file run-v6.txt (compact mmCIF, N, CA and C atoms and all ligand atoms)
# COMPACT_ATOMS: atom_id res chain seq x y z
N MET A 1 56.30 140.50 37.75
CA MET A 1 57.46 140.06 36.96
C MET A 1 57.86 141.34 36.26
N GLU A 2 59.13 141.64 36.03
CA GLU A 2 59.48 142.79 35.21
C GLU A 2 59.07 142.47 33.76
N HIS A 3 58.58 143.44 33.02
CA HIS A 3 58.08 143.22 31.66
C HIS A 3 59.17 143.42 30.62
N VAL A 4 60.13 142.52 30.57
CA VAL A 4 61.30 142.53 29.71
C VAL A 4 61.49 141.18 29.02
N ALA A 5 61.53 141.09 27.68
CA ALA A 5 61.79 139.84 27.01
C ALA A 5 63.30 139.59 26.81
N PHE A 6 63.71 138.34 26.98
CA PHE A 6 65.03 137.87 26.62
C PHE A 6 65.34 138.30 25.18
N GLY A 7 66.52 138.87 24.98
CA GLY A 7 66.97 139.19 23.64
C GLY A 7 66.42 140.50 23.11
N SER A 8 65.72 141.27 23.92
CA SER A 8 65.17 142.56 23.46
C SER A 8 66.27 143.52 23.06
N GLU A 9 66.01 144.31 22.01
CA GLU A 9 67.00 145.22 21.45
C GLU A 9 67.55 146.19 22.46
N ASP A 10 66.77 146.73 23.41
CA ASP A 10 67.73 147.71 24.12
C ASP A 10 67.82 147.23 25.57
N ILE A 11 67.99 145.93 25.74
CA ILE A 11 67.94 145.31 27.06
C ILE A 11 68.89 145.92 28.07
N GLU A 12 70.10 146.31 27.67
CA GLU A 12 71.05 146.86 28.64
C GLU A 12 70.59 148.24 29.17
N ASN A 13 69.85 148.99 28.40
CA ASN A 13 69.30 150.27 28.78
C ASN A 13 68.16 150.02 29.76
N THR A 14 67.30 149.06 29.47
CA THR A 14 66.16 148.74 30.33
C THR A 14 66.67 148.32 31.70
N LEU A 15 67.76 147.53 31.72
CA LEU A 15 68.23 146.97 32.98
C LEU A 15 69.03 147.98 33.79
N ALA A 16 69.45 149.07 33.16
CA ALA A 16 70.09 150.12 33.98
C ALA A 16 69.18 150.70 35.05
N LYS A 17 67.83 150.64 35.02
CA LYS A 17 66.96 151.21 36.07
C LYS A 17 66.66 150.28 37.21
N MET A 18 67.03 149.01 37.14
CA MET A 18 66.70 148.00 38.12
C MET A 18 67.62 147.87 39.33
N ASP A 19 67.02 147.88 40.53
CA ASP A 19 67.66 147.51 41.78
C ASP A 19 67.73 145.99 41.91
N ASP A 20 68.32 145.51 43.02
CA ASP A 20 68.48 144.07 43.18
C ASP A 20 67.18 143.30 43.08
N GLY A 21 66.14 143.81 43.74
CA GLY A 21 64.86 143.10 43.71
C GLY A 21 64.29 143.07 42.31
N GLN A 22 64.58 144.18 41.61
CA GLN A 22 64.02 144.31 40.27
C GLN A 22 64.66 143.28 39.35
N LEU A 23 65.98 143.17 39.40
CA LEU A 23 66.63 142.16 38.57
C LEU A 23 66.15 140.75 38.89
N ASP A 24 65.85 140.49 40.16
CA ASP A 24 65.36 139.19 40.61
C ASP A 24 63.96 138.93 40.05
N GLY A 25 63.25 139.93 39.51
CA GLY A 25 61.94 139.83 38.96
C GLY A 25 61.99 139.45 37.49
N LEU A 26 63.12 139.33 36.83
CA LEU A 26 63.20 138.99 35.39
C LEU A 26 62.83 137.54 35.10
N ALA A 27 62.29 137.28 33.90
CA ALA A 27 61.90 135.94 33.48
C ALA A 27 63.07 135.05 33.12
N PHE A 28 64.29 135.56 33.05
CA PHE A 28 65.50 134.88 32.59
C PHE A 28 66.65 135.20 33.55
N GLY A 29 67.70 134.37 33.47
CA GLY A 29 68.89 134.63 34.24
C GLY A 29 69.68 135.83 33.73
N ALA A 30 70.26 136.60 34.63
CA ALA A 30 71.03 137.78 34.34
C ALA A 30 72.24 137.87 35.26
N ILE A 31 73.42 137.93 34.66
CA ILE A 31 74.73 138.03 35.33
C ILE A 31 75.41 139.27 34.78
N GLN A 32 75.98 140.13 35.62
CA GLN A 32 76.79 141.24 35.17
C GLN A 32 78.22 140.98 35.66
N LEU A 33 79.20 141.08 34.73
CA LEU A 33 80.59 140.83 34.98
C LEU A 33 81.42 142.13 34.74
N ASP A 34 82.55 142.26 35.48
CA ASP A 34 83.58 143.23 35.07
C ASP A 34 84.42 142.62 33.93
N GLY A 35 85.44 143.39 33.47
CA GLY A 35 86.23 142.93 32.34
C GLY A 35 87.11 141.75 32.58
N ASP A 36 87.41 141.42 33.83
CA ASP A 36 88.18 140.19 34.09
C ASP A 36 87.27 139.00 34.33
N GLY A 37 85.96 139.22 34.43
CA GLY A 37 85.02 138.14 34.73
C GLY A 37 84.56 138.04 36.16
N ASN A 38 84.86 139.07 36.98
CA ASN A 38 84.36 139.05 38.36
C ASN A 38 82.86 139.35 38.36
N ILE A 39 82.09 138.66 39.18
CA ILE A 39 80.64 138.77 39.17
C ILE A 39 80.20 139.98 40.01
N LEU A 40 79.54 140.94 39.37
CA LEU A 40 79.00 142.15 39.95
C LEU A 40 77.53 142.05 40.34
N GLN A 41 76.73 141.42 39.50
CA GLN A 41 75.32 141.18 39.73
C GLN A 41 74.97 139.76 39.31
N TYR A 42 73.96 139.17 39.96
CA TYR A 42 73.62 137.75 39.73
C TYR A 42 72.21 137.54 40.25
N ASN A 43 71.23 137.34 39.37
CA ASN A 43 69.84 137.38 39.79
C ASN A 43 69.32 136.01 40.27
N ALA A 44 68.14 136.06 40.89
CA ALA A 44 67.53 134.85 41.46
C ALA A 44 67.19 133.85 40.37
N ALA A 45 66.71 134.28 39.18
CA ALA A 45 66.36 133.34 38.13
C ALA A 45 67.58 132.53 37.69
N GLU A 46 68.76 133.18 37.59
CA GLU A 46 69.97 132.46 37.19
C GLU A 46 70.30 131.42 38.24
N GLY A 47 70.29 131.84 39.51
CA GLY A 47 70.65 130.91 40.58
C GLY A 47 69.72 129.70 40.57
N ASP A 48 68.43 129.89 40.25
CA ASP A 48 67.49 128.79 40.18
C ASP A 48 67.78 127.82 39.03
N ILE A 49 68.21 128.29 37.87
CA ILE A 49 68.54 127.39 36.77
C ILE A 49 69.70 126.47 37.12
N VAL A 50 70.78 127.04 37.70
CA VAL A 50 72.06 126.34 37.87
C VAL A 50 72.36 125.86 39.29
N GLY A 51 71.44 126.14 40.24
CA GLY A 51 71.74 125.75 41.63
C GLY A 51 72.91 126.48 42.24
N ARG A 52 72.94 127.81 42.12
CA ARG A 52 73.94 128.68 42.74
C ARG A 52 73.22 129.73 43.59
N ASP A 53 73.89 130.23 44.60
CA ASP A 53 73.40 131.24 45.54
C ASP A 53 74.00 132.60 45.17
N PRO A 54 73.20 133.57 44.75
CA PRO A 54 73.76 134.87 44.38
C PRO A 54 74.75 135.46 45.37
N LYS A 55 74.47 135.37 46.65
CA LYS A 55 75.38 135.90 47.67
C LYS A 55 76.73 135.20 47.79
N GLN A 56 76.79 133.95 47.40
CA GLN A 56 78.05 133.19 47.41
C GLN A 56 78.88 133.47 46.19
N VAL A 57 78.24 133.80 45.08
CA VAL A 57 79.01 133.94 43.84
C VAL A 57 79.41 135.39 43.53
N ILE A 58 78.64 136.38 43.98
CA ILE A 58 79.01 137.78 43.68
C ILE A 58 80.38 138.05 44.32
N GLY A 59 81.26 138.64 43.56
CA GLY A 59 82.62 138.88 43.98
C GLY A 59 83.61 137.79 43.56
N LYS A 60 83.16 136.62 43.11
CA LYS A 60 84.02 135.55 42.60
C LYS A 60 84.22 135.70 41.10
N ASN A 61 85.26 135.08 40.57
CA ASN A 61 85.48 135.07 39.13
C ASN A 61 84.66 133.97 38.46
N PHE A 62 83.82 134.36 37.52
CA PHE A 62 82.92 133.42 36.84
C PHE A 62 83.68 132.26 36.16
N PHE A 63 84.81 132.55 35.53
CA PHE A 63 85.49 131.57 34.71
C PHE A 63 86.40 130.65 35.49
N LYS A 64 86.86 131.13 36.65
CA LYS A 64 87.88 130.44 37.41
C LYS A 64 87.13 129.50 38.35
N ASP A 65 86.33 130.17 39.17
CA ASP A 65 85.70 129.74 40.39
C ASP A 65 84.38 128.99 40.17
N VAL A 66 83.45 129.60 39.52
CA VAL A 66 82.02 129.31 39.49
C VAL A 66 81.61 128.39 38.34
N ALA A 67 82.11 128.68 37.12
CA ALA A 67 81.63 128.08 35.87
C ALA A 67 82.79 127.60 35.03
N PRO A 68 83.58 126.62 35.51
CA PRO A 68 84.76 126.15 34.75
C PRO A 68 84.40 125.56 33.39
N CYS A 69 83.16 125.08 33.21
CA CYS A 69 82.77 124.57 31.88
C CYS A 69 82.69 125.67 30.83
N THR A 70 82.77 126.94 31.21
CA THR A 70 82.80 128.10 30.33
C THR A 70 84.22 128.63 30.09
N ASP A 71 85.20 128.07 30.80
CA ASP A 71 86.61 128.47 30.62
C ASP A 71 87.16 127.74 29.39
N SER A 72 86.95 128.35 28.23
CA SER A 72 87.20 127.79 26.90
C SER A 72 87.08 128.91 25.87
N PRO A 73 87.71 128.74 24.69
CA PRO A 73 87.54 129.72 23.60
C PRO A 73 86.08 129.98 23.22
N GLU A 74 85.23 128.98 23.37
CA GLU A 74 83.84 129.04 22.92
C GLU A 74 82.96 129.83 23.87
N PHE A 75 83.39 130.24 25.04
CA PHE A 75 82.54 131.05 25.94
C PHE A 75 83.42 132.18 26.45
N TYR A 76 84.35 131.89 27.39
CA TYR A 76 85.32 132.88 27.87
C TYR A 76 85.97 133.61 26.70
N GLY A 77 86.35 132.92 25.62
CA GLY A 77 86.98 133.58 24.51
C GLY A 77 86.15 134.66 23.85
N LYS A 78 84.83 134.41 23.69
CA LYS A 78 83.89 135.37 23.12
C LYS A 78 83.76 136.57 24.03
N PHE A 79 83.71 136.30 25.33
CA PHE A 79 83.64 137.38 26.31
C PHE A 79 84.85 138.27 26.23
N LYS A 80 86.04 137.68 26.29
CA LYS A 80 87.27 138.46 26.36
C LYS A 80 87.46 139.31 25.11
N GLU A 81 87.02 138.80 23.98
CA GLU A 81 87.15 139.56 22.73
C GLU A 81 86.23 140.77 22.77
N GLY A 82 85.04 140.60 23.37
CA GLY A 82 84.09 141.70 23.50
C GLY A 82 84.59 142.76 24.47
N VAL A 83 85.19 142.32 25.56
CA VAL A 83 85.78 143.29 26.46
C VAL A 83 86.83 144.11 25.76
N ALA A 84 87.72 143.43 25.02
CA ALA A 84 88.90 144.07 24.48
C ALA A 84 88.48 145.10 23.45
N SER A 85 87.49 144.79 22.65
CA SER A 85 87.14 145.66 21.54
C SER A 85 86.06 146.66 21.90
N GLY A 86 85.33 146.45 22.98
CA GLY A 86 84.21 147.31 23.30
C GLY A 86 82.94 146.97 22.55
N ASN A 87 82.95 145.86 21.76
CA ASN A 87 81.83 145.43 20.97
C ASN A 87 81.43 144.05 21.47
N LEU A 88 80.32 143.93 22.17
CA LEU A 88 79.79 142.66 22.64
C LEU A 88 78.27 142.59 22.49
N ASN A 89 77.82 141.69 21.61
CA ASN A 89 76.39 141.46 21.36
C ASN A 89 76.27 140.16 20.55
N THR A 90 76.15 139.04 21.23
CA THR A 90 76.18 137.74 20.53
C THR A 90 75.38 136.71 21.32
N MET A 91 74.72 135.81 20.61
CA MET A 91 73.91 134.74 21.19
C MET A 91 74.40 133.38 20.73
N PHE A 92 74.23 132.36 21.57
CA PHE A 92 74.61 130.99 21.23
C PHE A 92 73.92 130.02 22.17
N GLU A 93 73.89 128.76 21.78
CA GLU A 93 73.51 127.68 22.71
C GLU A 93 74.72 127.12 23.44
N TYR A 94 74.53 126.64 24.68
CA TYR A 94 75.59 126.07 25.47
C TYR A 94 74.98 125.04 26.42
N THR A 95 75.84 124.18 26.97
CA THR A 95 75.40 123.21 27.98
C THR A 95 76.12 123.49 29.28
N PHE A 96 75.35 123.75 30.33
CA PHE A 96 75.87 123.91 31.67
C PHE A 96 75.76 122.60 32.42
N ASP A 97 76.88 122.04 32.90
CA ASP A 97 76.84 120.66 33.41
C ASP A 97 77.74 120.44 34.61
N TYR A 98 78.23 121.49 35.28
CA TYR A 98 79.09 121.38 36.46
C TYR A 98 78.23 121.54 37.71
N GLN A 99 78.15 120.53 38.56
CA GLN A 99 77.40 120.51 39.81
C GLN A 99 75.92 120.81 39.61
N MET A 100 75.37 120.24 38.55
CA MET A 100 73.96 120.42 38.17
C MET A 100 73.61 119.34 37.13
N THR A 101 72.34 119.07 36.93
CA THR A 101 71.91 118.26 35.81
C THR A 101 72.35 118.95 34.52
N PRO A 102 72.92 118.25 33.54
CA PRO A 102 73.24 118.91 32.27
C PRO A 102 72.03 119.63 31.67
N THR A 103 72.18 120.91 31.37
CA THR A 103 71.08 121.75 30.97
C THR A 103 71.45 122.59 29.75
N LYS A 104 70.73 122.40 28.65
CA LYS A 104 70.93 123.21 27.45
C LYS A 104 70.30 124.61 27.70
N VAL A 105 71.07 125.63 27.38
CA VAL A 105 70.64 127.02 27.56
C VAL A 105 70.91 127.82 26.29
N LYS A 106 70.15 128.91 26.13
CA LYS A 106 70.44 130.00 25.23
C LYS A 106 71.12 131.12 26.02
N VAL A 107 72.27 131.59 25.53
CA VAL A 107 73.09 132.60 26.18
C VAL A 107 73.09 133.84 25.26
N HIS A 108 72.95 135.01 25.85
CA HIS A 108 73.11 136.30 25.17
C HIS A 108 74.12 137.13 25.96
N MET A 109 75.26 137.43 25.36
CA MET A 109 76.25 138.33 25.92
C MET A 109 76.05 139.72 25.32
N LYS A 110 76.05 140.76 26.15
CA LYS A 110 75.84 142.13 25.68
C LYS A 110 76.53 143.12 26.59
N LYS A 111 77.27 144.09 26.00
CA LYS A 111 77.92 145.13 26.82
C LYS A 111 76.87 145.91 27.60
N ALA A 112 77.20 146.22 28.84
CA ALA A 112 76.31 147.05 29.66
C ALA A 112 76.34 148.53 29.25
N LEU A 113 75.35 149.28 29.72
CA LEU A 113 75.28 150.73 29.50
C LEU A 113 76.63 151.39 29.82
N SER A 114 77.22 151.02 30.96
CA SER A 114 78.48 151.58 31.39
C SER A 114 79.57 150.96 30.56
N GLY A 115 80.77 151.42 30.31
CA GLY A 115 81.29 150.63 29.17
C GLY A 115 82.32 149.69 29.71
N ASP A 116 82.23 149.40 31.01
CA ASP A 116 83.23 148.62 31.73
C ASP A 116 82.63 147.43 32.44
N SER A 117 81.39 147.10 32.11
CA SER A 117 80.71 145.92 32.62
C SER A 117 79.86 145.32 31.52
N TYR A 118 79.53 144.03 31.65
CA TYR A 118 79.14 143.13 30.59
C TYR A 118 78.08 142.16 31.06
N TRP A 119 76.98 142.01 30.34
CA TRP A 119 75.93 141.10 30.76
C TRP A 119 76.07 139.74 30.07
N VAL A 120 75.71 138.71 30.82
CA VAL A 120 75.49 137.34 30.38
C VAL A 120 74.05 136.99 30.78
N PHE A 121 73.17 136.83 29.78
CA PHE A 121 71.77 136.46 29.97
C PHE A 121 71.60 135.00 29.60
N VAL A 122 70.73 134.31 30.33
CA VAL A 122 70.55 132.85 30.17
C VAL A 122 69.09 132.47 30.25
N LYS A 123 68.61 131.63 29.33
CA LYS A 123 67.30 131.01 29.47
C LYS A 123 67.41 129.55 29.04
N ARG A 124 66.45 128.74 29.50
CA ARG A 124 66.35 127.35 29.09
C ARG A 124 65.90 127.24 27.61
N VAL A 125 66.41 126.19 26.92
CA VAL A 125 65.95 125.81 25.58
C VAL A 125 65.63 124.34 25.46
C1 LIG A 201 79.86 125.26 33.78
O1 LIG A 201 80.75 124.99 34.66
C2 LIG A 201 78.78 126.15 34.05
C3 LIG A 201 78.49 126.60 35.30
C4 LIG A 201 77.66 127.73 35.64
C5 LIG A 201 76.93 128.42 34.68
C6 LIG A 201 76.17 129.52 34.98
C7 LIG A 201 76.07 129.97 36.28
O2 LIG A 201 75.31 131.00 36.60
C8 LIG A 201 76.79 129.27 37.30
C9 LIG A 201 77.56 128.18 36.96
call {"tool": "encode", "arguments": {"input": "run-v6.txt", "output": "structure tokens"}}
result
Amino acid sequence: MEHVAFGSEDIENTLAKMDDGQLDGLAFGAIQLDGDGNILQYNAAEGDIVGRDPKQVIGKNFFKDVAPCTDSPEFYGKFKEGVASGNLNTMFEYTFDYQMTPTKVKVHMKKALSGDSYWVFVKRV
């Protein structure tokens, strides 16, 4: 398992060294988005929580296509504000309930090392 805790202070730096297999080794879900919400990376742990296939979702828009229950001021809105300002580092609880059993999660949004991509981390609560 990669030795990385959810919510760790320099998580985006730690994840900059990981290849695809490495990200799939994390204890929590990890999604990397561009500024419009297109999915760049999507690990095996995330796909297991929500019943999604990483290969089907990479390249799709998270808010439009994949996760319409997040297309709202309370999720998409927080993301878009972080993109616009360059400041993204926030945690919250949410319920994922589209094409899956309703599941309460802890979400951590954080700007990536590069300043044009953005992480969405997910664990069960
Ligand atoms: C609401 O529609 C949530 C859906 C969703 C959340 C997270 C994912 O990785 C995939 C779909």
call {"tool": "atom_distance", "arguments": {"input": "run-v6.txt", "atom1": "atom N of residue 52 of chain A", "atom2": "atom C7 of ligand LIG 201 (chain A)"}}
result
7.0 Å
call {"tool": "closest_residue", "arguments": {"input": "run-v6.txt", "among": "A:66, A:31, A:100, A:125", "to": "residue 46 of chain A", "atoms": "only N, CA and C atoms"}}
result
A:31
call {"tool": "closest_residue", "arguments": {"input": "run-v6.txt", "among": "A:116, A:2, A:71, A:81", "to": "ligand LIG 201 (chain A)", "atoms": "only C-alpha atoms and all ligand atoms"}}
result
A:71
call {"tool": "axis_aligned_box", "arguments": {"input": "run-v6.txt", "around": "ligand LIG 201 (chain A)", "padding_each_side": "4 Å", "output": "lines of an AutoDock Vina configuration file"}}
result
center_x = 78.0
center_y = 128.0
center_z = 35.5
size_x = 13.4
size_y = 14.0
size_z = 11.5
call {"tool": "residues_near_ligand", "arguments": {"input": "run-v6.txt", "ligand": "ligand LIG 201 (chain A)", "cutoff": "8 Å", "atoms": "only C-alpha atoms and all ligand atoms", "output": "ChimeraX atom specification"}}
result
/A:29,31,42,46-47,49-52,62,66-71,95-99
call {"tool": "select_by_dssp", "arguments": {"input": "run-v6.txt", "residues": "chain A", "states": "strand (DSSP E)", "output": "PyMOL selection string"}}
result
chain A and resi 29-34+39-42+89-96+103-111+117-124
call {"tool": "atom_distance", "arguments": {"input": "run-v6.txt", "atom1": "atom CA of residue 37 of chain A", "atom2": "atom C of residue 61 of chain A"}}
result
5.6 Å
call {"tool": "select_by_dssp", "arguments": {"input": "run-v6.txt", "residues": "segment 9-113 of chain A", "states": "helix (DSSP H, G or I)", "output": "ChimeraX atom specification"}}
result
/A:11-15,20-23,44-50,54-57,62-66,68-70,76-85
call {"tool": "write_last_selection", "arguments": {"input": "run-v6.txt", "atoms": "N, CA and C atoms", "output": "compact mmCIF listing (two decimals), in the coordinates of the input"}}
result
# COMPACT_ATOMS: atom_id res chain seq x y z
N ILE A 11 67.99 145.93 25.74
CA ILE A 11 67.94 145.31 27.06
C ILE A 11 68.89 145.92 28.07
N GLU A 12 70.10 146.31 27.67
CA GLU A 12 71.05 146.86 28.64
C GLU A 12 70.59 148.24 29.17
N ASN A 13 69.85 148.99 28.40
CA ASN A 13 69.30 150.27 28.78
C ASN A 13 68.16 150.02 29.76
N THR A 14 67.30 149.06 29.47
CA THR A 14 66.16 148.74 30.33
C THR A 14 66.67 148.32 31.70
N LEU A 15 67.76 147.53 31.72
CA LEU A 15 68.23 146.97 32.98
C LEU A 15 69.03 147.98 33.79
N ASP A 20 68.32 145.51 43.02
CA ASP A 20 68.48 144.07 43.18
C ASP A 20 67.18 143.30 43.08
N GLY A 21 66.14 143.81 43.74
CA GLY A 21 64.86 143.10 43.71
C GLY A 21 64.29 143.07 42.31
N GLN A 22 64.58 144.18 41.61
CA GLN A 22 64.02 144.31 40.27
C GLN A 22 64.66 143.28 39.35
N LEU A 23 65.98 143.17 39.40
CA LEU A 23 66.63 142.16 38.57
C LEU A 23 66.15 140.75 38.89
N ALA A 44 68.14 136.06 40.89
CA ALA A 44 67.53 134.85 41.46
C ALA A 44 67.19 133.85 40.37
N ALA A 45 66.71 134.28 39.18
CA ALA A 45 66.36 133.34 38.13
C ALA A 45 67.58 132.53 37.69
N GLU A 46 68.76 133.18 37.59
CA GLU A 46 69.97 132.46 37.19
C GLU A 46 70.30 131.42 38.24
N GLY A 47 70.29 131.84 39.51
CA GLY A 47 70.65 130.91 40.58
C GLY A 47 69.72 129.70 40.57
N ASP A 48 68.43 129.89 40.25
CA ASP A 48 67.49 128.79 40.18
C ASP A 48 67.78 127.82 39.03
N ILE A 49 68.21 128.29 37.87
CA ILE A 49 68.54 127.39 36.77
C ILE A 49 69.70 126.47 37.12
N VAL A 50 70.78 127.04 37.70
CA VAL A 50 72.06 126.34 37.87
C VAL A 50 72.36 125.86 39.29
N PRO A 54 73.20 133.57 44.75
CA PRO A 54 73.76 134.87 44.38
C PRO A 54 74.75 135.46 45.37
N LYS A 55 74.47 135.37 46.65
CA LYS A 55 75.38 135.90 47.67
C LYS A 55 76.73 135.20 47.79
N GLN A 56 76.79 133.95 47.40
CA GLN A 56 78.05 133.19 47.41
C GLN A 56 78.88 133.47 46.19
N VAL A 57 78.24 133.80 45.08
CA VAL A 57 79.01 133.94 43.84
C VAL A 57 79.41 135.39 43.53
N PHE A 62 83.82 134.36 37.52
CA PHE A 62 82.92 133.42 36.84
C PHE A 62 83.68 132.26 36.16
N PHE A 63 84.81 132.55 35.53
CA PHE A 63 85.49 131.57 34.71
C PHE A 63 86.40 130.65 35.49
N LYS A 64 86.86 131.13 36.65
CA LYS A 64 87.88 130.44 37.41
C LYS A 64 87.13 129.50 38.35
N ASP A 65 86.33 130.17 39.17
CA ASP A 65 85.70 129.74 40.39
C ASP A 65 84.38 128.99 40.17
N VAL A 66 83.45 129.60 39.52
CA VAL A 66 82.02 129.31 39.49
C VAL A 66 81.61 128.39 38.34
N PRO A 68 83.58 126.62 35.51
CA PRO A 68 84.76 126.15 34.75
C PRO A 68 84.40 125.56 33.39
N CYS A 69 83.16 125.08 33.21
CA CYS A 69 82.77 124.57 31.88
C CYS A 69 82.69 125.67 30.83
N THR A 70 82.77 126.94 31.21
CA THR A 70 82.80 128.10 30.33
C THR A 70 84.22 128.63 30.09
N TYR A 76 84.35 131.89 27.39
CA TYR A 76 85.32 132.88 27.87
C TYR A 76 85.97 133.61 26.70
N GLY A 77 86.35 132.92 25.62
CA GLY A 77 86.98 133.58 24.51
C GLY A 77 86.15 134.66 23.85
N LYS A 78 84.83 134.41 23.69
CA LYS A 78 83.89 135.37 23.12
C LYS A 78 83.76 136.57 24.03
N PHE A 79 83.71 136.30 25.33
CA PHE A 79 83.64 137.38 26.31
C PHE A 79 84.85 138.27 26.23
N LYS A 80 86.04 137.68 26.29
CA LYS A 80 87.27 138.46 26.36
C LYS A 80 87.46 139.31 25.11
N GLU A 81 87.02 138.80 23.98
CA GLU A 81 87.15 139.56 22.73
C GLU A 81 86.23 140.77 22.77
N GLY A 82 85.04 140.60 23.37
CA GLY A 82 84.09 141.70 23.50
C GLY A 82 84.59 142.76 24.47
N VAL A 83 85.19 142.32 25.56
CA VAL A 83 85.78 143.29 26.46
C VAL A 83 86.83 144.11 25.76
N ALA A 84 87.72 143.43 25.02
CA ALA A 84 88.90 144.07 24.48
C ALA A 84 88.48 145.10 23.45
N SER A 85 87.49 144.79 22.65
CA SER A 85 87.14 145.66 21.54
C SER A 85 86.06 146.66 21.90
